[PDB]
Amino acid sequence: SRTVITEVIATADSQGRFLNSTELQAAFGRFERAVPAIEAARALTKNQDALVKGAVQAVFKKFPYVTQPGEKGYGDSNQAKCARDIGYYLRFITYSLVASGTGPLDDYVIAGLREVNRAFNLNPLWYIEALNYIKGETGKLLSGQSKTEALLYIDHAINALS
Amino acid sequence: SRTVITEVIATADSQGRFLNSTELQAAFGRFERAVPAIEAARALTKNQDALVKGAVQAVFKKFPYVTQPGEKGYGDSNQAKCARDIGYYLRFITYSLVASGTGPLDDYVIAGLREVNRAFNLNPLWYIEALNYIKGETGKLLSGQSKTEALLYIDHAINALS
Amino acid sequence: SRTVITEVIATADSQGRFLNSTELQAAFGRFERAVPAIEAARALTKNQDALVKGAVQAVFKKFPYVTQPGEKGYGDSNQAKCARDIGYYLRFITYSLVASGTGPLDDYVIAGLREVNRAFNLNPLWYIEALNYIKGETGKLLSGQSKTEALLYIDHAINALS
Amino acid sequence: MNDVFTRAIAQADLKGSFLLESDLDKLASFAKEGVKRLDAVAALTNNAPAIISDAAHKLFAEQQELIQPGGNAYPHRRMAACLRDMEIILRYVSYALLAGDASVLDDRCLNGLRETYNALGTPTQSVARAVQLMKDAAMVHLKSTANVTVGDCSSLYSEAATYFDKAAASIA
Amino acid sequence: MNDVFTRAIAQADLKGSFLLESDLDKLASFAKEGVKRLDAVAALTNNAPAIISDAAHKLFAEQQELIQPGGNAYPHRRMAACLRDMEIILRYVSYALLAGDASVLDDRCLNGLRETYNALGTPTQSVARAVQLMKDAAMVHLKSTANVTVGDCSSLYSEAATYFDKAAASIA
Amino acid sequence: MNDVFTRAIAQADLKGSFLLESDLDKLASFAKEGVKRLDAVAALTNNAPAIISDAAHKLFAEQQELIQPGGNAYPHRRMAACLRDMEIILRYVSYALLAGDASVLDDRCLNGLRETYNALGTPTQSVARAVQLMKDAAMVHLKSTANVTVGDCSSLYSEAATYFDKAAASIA
Amino acid sequence: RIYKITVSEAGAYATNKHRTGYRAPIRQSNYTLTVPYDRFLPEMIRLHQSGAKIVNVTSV
Amino acid sequence: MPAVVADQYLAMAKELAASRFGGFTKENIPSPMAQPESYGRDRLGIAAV
Ligand SMILES: CCC1=C(C)/C(=C/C2=NC(=C\c3[nH]c(/C=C4\NC(=O)[C@H](C)[C@H]4CC)c(C)c3CCC(=O)O)/C(CCC(=O)O)=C2C)NC1=O
Ligand SMILES: CCC1=C(C)/C(=C/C2=NC(=C\c3[nH]c(/C=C4\NC(=O)[C@H](C)[C@H]4CC)c(C)c3CCC(=O)O)/C(CCC(=O)O)=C2C)NC1=O
Ligand SMILES: CCC1=C(C)/C(=C/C2=NC(=C\c3[nH]c(/C=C4\NC(=O)[C@H](C)[C@H]4CC)c(C)c3CCC(=O)O)/C(CCC(=O)O)=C2C)NC1=O
Ligand SMILES: CCC1=C(C)/C(=C/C2=NC(=C\c3[nH]c(/C=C4\NC(=O)[C@H](C)[C@H]4CC)c(C)c3CCC(=O)O)/C(CCC(=O)O)=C2C)NC1=O
Ligand SMILES: CCC1=C(C)/C(=C/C2=NC(=C\c3[nH]c(/C=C4\NC(=O)[C@H](C)[C@H]4CC)c(C)c3CCC(=O)O)/C(CCC(=O)O)=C2C)NC1=O
Ligand SMILES: CCC1=C(C)/C(=C/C2=NC(=C\c3[nH]c(/C=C4\NC(=O)[C@H](C)[C@H]4CC)c(C)c3CCC(=O)O)/C(CCC(=O)O)=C2C)NC1=O
Ligand SMILES: CCC1=C(C)/C(=C/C2=NC(=C\c3[nH]c(/C=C4\NC(=O)[C@H](C)[C@H]4CC)c(C)c3CCC(=O)O)/C(CCC(=O)O)=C2C)NC1=O
């Protein structure tokens, strides 16, 4: 997973030398901003259920037609799977926050995302709307640089979906 | 394009050899199947207006949530673009029939299909429904080998969408 | 071996795709051409012995010095080898006719042909003239499209030799 | 690769004598049902995504341990690999159907697929069940008489089921 | 590289139009005479060594300066390259006769050929002479009425002559 | 490829002198505004899909000849190439914005791109127009004061405009 | 001396192909590479950077 | 008021307008830059490679 410390090690290994000051600087930069990212992760992990349910309801509101008989929204198992999917996205957002890298998102969502969505006929716009709700909520659930961390990761996921 | 004659000649050239029996028999099969294919192209070209308007209407029936204001299908311009797109698909299907190879479909529709749809947020299921309607109507307009040819190319386009 | 169907399947697998219109049209051409080819194979299998005897004698008339003592064609063993070789060529021509592909001739005669004949000092013109005689009696023996199929396979062999 | 015509030619060459009248008659019959074979291959091709989706849905409903976290198909990448494997197996099966020989499927894929699945940690009975579900989904499309003239293709169904079950047993 | 069908398709696409009825009729005519086209391609392919041998003999009988020490085909290397060139031009003329469009020649056979010949110092006049000699030798085999049904194949003869001429004009 | 720091280092090195106190103060001020610089780079990176969708919509509404049959963006392939190019140029603009120097943009993106678009027969003026529209959309997105601590950032806006204009002037 | 390396492609490589993609055709995981001594260090470190796991290295 | 145009030209006009979806409108016009899908790779001579 492409954590910044991991990318440090990978680049130093690829160029076949020790850790010069250049990537020590980057590792330091991560180590300082770990605090806002970790507190954002904790805040997200606390409010997870409300965020998941609100994302589901925002999805159904923006796409009222989905819930109607005959397509993906209808069927209680389908709403259950919706809640589970926003739960997964939130979980990997927390992972990417605590790891200070898009690595968890990259290797747990984005990798293989389009083929999966295409094969199961799941609209990426559903998840874009859910993550938009999550972003709106975390805009007030967090303050300071932790908010910037959370918004960067949530929007990286959003751009991945689009 | 990747028509029978062109792929024959291209593979012959990439091996630095003349056209042998295999290639000539493939070309003979192409020249024989020309007759049903040109007949299908005639049938679809004569009936392009009814086919395309029916396809647009079928899309608007299977996707009622598109016509209302606030989304893609609302507005005369957007519906005109709908009809134009289905006319494109049908045009390239008739081109494939005339050329007896998916080359026109591939080059003009399939290459860049997913990226273009994602960029403009055009749901492939719309065009799948339109092409399914066109498949149904060609079941009635055509008979025998002409029907098989037309359906083969329509299904190629649909599989490319899904 | 190089058949029509194998070229189909290899071209489809090399591009990581399914069989489609162009490839099924090539296969259909193969299946249509099977009847003259199987007919020619049957007619050539009936008259293998007379064809081989005539081809050997044709070589001996065309290259009279070969039969001279101290040359290649002198001795019953060498003439038995000649008859065996002409039989080999005829058998692989029948195989190629059945397979609707030059794959049998290629794999079993043409690959390695020049080096082997160079090593054993076998003049290709001998086999070219023998195949010319076989081509001559294919006109008498076969008529229609089986005639053309047999002649084109024999011409493939002659082109490989020459 | 190898075809039924190629197989017969190989057997004739091993004994080094011309194809017999019985062999020619069988190959002529094969070329006679070649049109039906083309229809069967087109049926497999034109509904391949539907076959994959139906098999995947039935398999994952049957076995939820693959969906759940820690399963062998949990993240998006492992799901995509699952679908790609089903797709490639179907493609090879259709290749075997068109050729009439199982060589195109047996040669490159099934020999090393065993070691690959063992190394990656995939449950092999799960993949065999996936291929069997693919066969079950594909039979319906092979039967569908709409848009084709009514006829009998019991040999084609038997051979296609043979290829499907052979690949499933190989990976098993 | 286009054939006649793809050329018609490209024009129709530029107009944004379906193929007109008369266009489909000209295409059905082309495919209905496709059997004679296949026979002409077979005649070119099957006799290619003979065509190249005869053209080469006539060319070096006319132009002895090519095979004199200091000529452009003097050692074995240059003579072998010359014969390969004749082989290649005949190959591409057969490709164009099969497709019915001379796009294959200018796309592949004649793409940078003139520049090649200029940079190597090859006399382009002698190359065009060699192509004309091949054209003459090829016409003999194209009109050969043995083993084929008698018929009117003058369009094929003219088309092949124009392909040979397009080559010899692009080199020269 | 170098940033503002290495630019100063290169100018100092050609003279053969230490960096002057004024130069060091300039670089330190750059480092102190680097946080706002990161904000602007993140504004570009996050809203790239919206920027390019908007610029594409305006470009094809303004210049309809590109998207109609025969147009340079007409088939799906060429439309995808167009949108991909917009992606790429926006990417390199953001790179240059972070580095503080347009060297990465000019060296790795813009340099031979006019020649590419001439060879392919692409309208370089239309590409410049697309870069300009994408500039305007990007400027709308940078100036968004939401979720970011408020303060003066006019220098960054002007610098990003210079980068976009340099891209447009190089392509055209 | 020649060294034969039996490399098994594993999840570490599968993740890299899932991220970067397949610009080259997909292949079976287990294959053997033969190297000279001069090349053994670069090839083996390269196989490590690719995430491949070597199984056995035999000399010959 | 009789036919102002002979029937042959009406047929010719109808078939010209039929071969194009929607007939002749202001929005379905061909592009004045008449570039086929293969324009660049063909004019450059790099189609094969
Ligand atoms: C850890 C990474 C991961 C993700 C993200 C994931 C999502 C996911 N959800 C699925 C099912 C589903 N997911 C939905 C989602 C819809 N439900 C509606 O209420 C909403 C409009 C919408 C959600 C916003 C639906 C309807 C299904 C059932 C249809 C199907 O895909 O088979 C499936 C198909 C197979 C399955 O059941 O698991 C996937 C792959 N799976 C994963 O392993
Ligand atoms: C060569 C083949 C080819 C195809 C197929 C093609 C499709 C296509 N249709 C488009 C417009 C469009 N097409 C539609 C179609 C929708 N309208 C609704 O009534 C329907 C439900 C639905 C159709 C089934 C819409 C909504 C747009 C506008 C998208 C936008 O720019 O916002 C666009 C965007 C470019 C533009 O601004 O015109 C493309 C690329 N383009 C091509 O070059
Ligand atoms: C010759 C043709 C060919 C085949 C057949 C083939 C199979 C193949 N499957 C693989 C992984 C995989 N294959 C599967 C599929 C199975 N696992 C279960 O979950 C499913 C029920 C089941 C699907 C029916 C999965 C999930 C992986 C991912 C394993 C991992 O990433 O650790 C890999 C490792 C490469 C990679 O993951 O990128 C190969 C090579 N490769 C080939 O070149
Ligand atoms: C463009 C590619 C291509 C295709 C698709 C193709 C199919 C094809 N199907 C045919 C009829 C047929 N098709 C079938 C197969 C069907 N019968 C039953 O319904 C089965 C459910 C089903 C098999 C899955 C049969 C049995 C025939 C009639 C053959 C006969 O007994 O004479 C025919 C012969 C029609 C005639 O001359 O009367 C062709 C050429 N040929 C091609 O060149
Ligand atoms: C510098 C290296 C080099 C060599 C070695 C060479 C040999 C050579 N000899 C040739 C003609 C020939 N060479 C011979 C030689 C035969 N005459 C018979 O009396 C003998 C049995 C036998 C010689 C022992 C013959 C018959 C021809 C005419 C072949 C023909 O016209 O097709 C040709 C064909 C073109 C020509 O010159 O007319 C070549 C290339 N050329 C070269 O540039
Ligand atoms: C395996 C590859 C393959 C080949 C090569 C092939 C040739 C072929 N030649 C044919 C007859 C013919 N062939 C020719 C051409 C010849 N007429 C002569 O006068 C000219 C020297 C020459 C060229 C003008 C003509 C004119 C016909 C009869 C007319 C026609 O079939 O339309 C036919 C039609 C059969 C018939 O109706 O009798 C075929 C299919 N078929 C194949 O499947
Ligand atoms: C993880 C990557 C990263 C981000 C996202 C980041 C943003 C960031 N912006 C900051 C302040 C700031 N950010 C801005 C920039 C804004 N001024 C206007 O509103 C513009 C719309 C906009 C930029 C064009 C300004 C003016 C300040 C306060 C002055 C300063 O501290 O430099 C701060 C310091 C604490 C704070 O006051 O919020 C951070 C951490 N820094 C980082 O290392």
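First the proteins, then the strands, lettered A, B, ... as listed; each starts at 1.
Within a 6.0 Å sphere centred on OH of C:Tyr65, other residues, nucleotides and ligands contribute more than 12 heavy atoms. With a 6.0 Å radius and a threshold of 12 heavy atoms from other residues, nucleotides or ligands, C:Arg114 has its CZ atom at or below the threshold.
Contact count against chain C (heavy-atom pairs under 4.5 Å) is highest for D:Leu98 among D:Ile88, D:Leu98, D:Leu90. By number of non-hydrogen pairs under 4.5 angstrom with chain D, the leading residue of C:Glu32, C:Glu23, C:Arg30 is C:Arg30. Of the listed residues (C:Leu90, C:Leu44, C:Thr3), the greatest number of heavy-atom pairs within a distance under 4.5 Å of chain D belongs to C:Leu90. In terms of heavy-atom pairs under 4.5 angstrom with chain D, the leader among C:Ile9, C:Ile38, C:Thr6 is C:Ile9. When the candidates D:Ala10, D:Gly16, D:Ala8 are compared by the number of heavy-atom contacts under 4.5 Å with chain C, D:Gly16 comes out ahead. Ranked by heavy-atom pairs under 4.5 Å with chain D, the first of C:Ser96, C:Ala12, C:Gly101, C:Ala41 is C:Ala12. The greatest number of non-hydrogen atom pairs below 4.5 Å with chain C, out of D:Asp3, D:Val4, D:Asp23, D:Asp13, is found for D:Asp13. Here D:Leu24 is the residue among D:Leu24, D:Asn46, D:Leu27, D:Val35 with the most heavy-atom pairs under 4.5 Å with chain C. Note: D:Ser17 leads D:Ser17, D:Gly100, D:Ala42, D:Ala28 in heavy-atom pairs under 4.5 Å with chain C.
Between D:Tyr95 and D:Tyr92, the angle of the ring planes lies from 30° to 60°, which puts this pair in the tilted group. Using cut-offs of 30° and 60° for the angle between ring planes, the C:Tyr95 and D:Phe18 rings count as tilted. Note: C:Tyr89 and C:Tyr127 have tilted aromatic rings, judged against thresholds of 30 and 60 degrees for the angle between ring planes.
The parts of C:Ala99 that come within reach of chain D are both its backbone and its side chain, each placing non-hydrogen atoms under 4.5 angstrom from that chain. Both the backbone and the side chain of D:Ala12 come within contact range of chain C, each with at least one heavy atom under 4.5 Å from a heavy atom of that chain. Using a 4.5 Å cut-off between heavy atoms, D:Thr6 touches chain C through its side chain atoms alone. Proximity to chain D is absent for every atom of C:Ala37, based on heavy atoms less than 4.5 angstrom apart. For D:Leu20, no part lies near chain C; criterion is any non-hydrogen pair under 4.5 Å.
Under the 4.0 Å criterion applied to side-chain N and carboxylate O atoms, D:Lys36 and D:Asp39 are not assigned as salt-bridge partners.
The only member of D:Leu38, D:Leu44, D:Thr162 that meets side-chain contact (heavy atoms from CB on, under 4.5 Å) when paired with D:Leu97 is D:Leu44.
Looking only at atom types and distance, the side chain of C:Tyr133 has a donor-acceptor partner in the side chain of C:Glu137 under 3.5 Å away.
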